[PDB]
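K.L.:
In this note's numbering, the protein residues as written are 79 to 205.
(1) For a minimum of 4 consecutive residues, which ranges assigned as the alpha helix (DSSP H) are wholly contained in the segment 79-131?
(2) Among 145, 133, 121 and 142, which has the Cα closest to the Cα of residue 185?
(3) Quick check on DSSP: helix, strand or coil for residue 190?
(4) Start and end of the beta strand (DSSP E) containing residue 167?
(5) Decide if residue 137 is buried, meaning its Cβ has at least 16 other Cβ atoms within 10 Å, or exposed.
(6) What residue range is occupied by the uninterrupted beta strand (DSSP E) comprising residue 136?
(7) Considering only residues of the same chain and omitting the five flanking positions on each side of residue 144, which have a CB-CB separation below 8 angstroms?
(8) Taking only three categories from DSSP, how would you classify residue 157?
(9) Mind checking whether residue 125 and residue 189 have CB atoms under 9 angstroms apart?
(10) Apply the 10 Å Cβ neighbour rule to residue 154 and answer buried if 16 or more other Cβ atoms are within range, or exposed otherwise.
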């Protein structure tokens with residue numbers, strides 16, 4: 079089961095997005111034996127509990143998760159995505175130059191920066 083909570087089901091995903099009960103939510107799409115995921119996951123452990131009370135990340139594999147396959151939906155190595163207010167928002171784990179985080183590169187540095195603006199920015203309130 080590991081630490082970083084995962085998810086692979088339309089019922090758990092469609093419900094998880096709305097079942098935040100905190101603030102935001104992070105989701106990763108790729109493979110269990112993916113390199114880009116190994117790097118991102120490494121940072122998660124350091125940037126998880128730090129604000130888990132507000133944000134709720136969830137790993138996902140582009141094979142077990144029935145997120146509309148169509149026929150050849152697969153093509154990209156890996157990538158991350160954030161969800162807030164039950165909406166799909168494009169937020170990179172820690173863009174170093176450009177393009178989503180498919181190659182993975184930021185560690186607990188670029189991440190903490192983005193997560194700080196996302197977790198705090200995607201609050202929707204008046205705190």
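Don't be surprised by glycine CBs; every beta carbon is placed ideally from N, CA and C.
P.N.:
Walking through what the data contain:
(1) 88-96 and 113-124
(2) 121
(3) helix
(4) 165-167
(5) buried
(6) 136-139
(7) 87 and 88
(8) strand
(9) yes
(10) exposed
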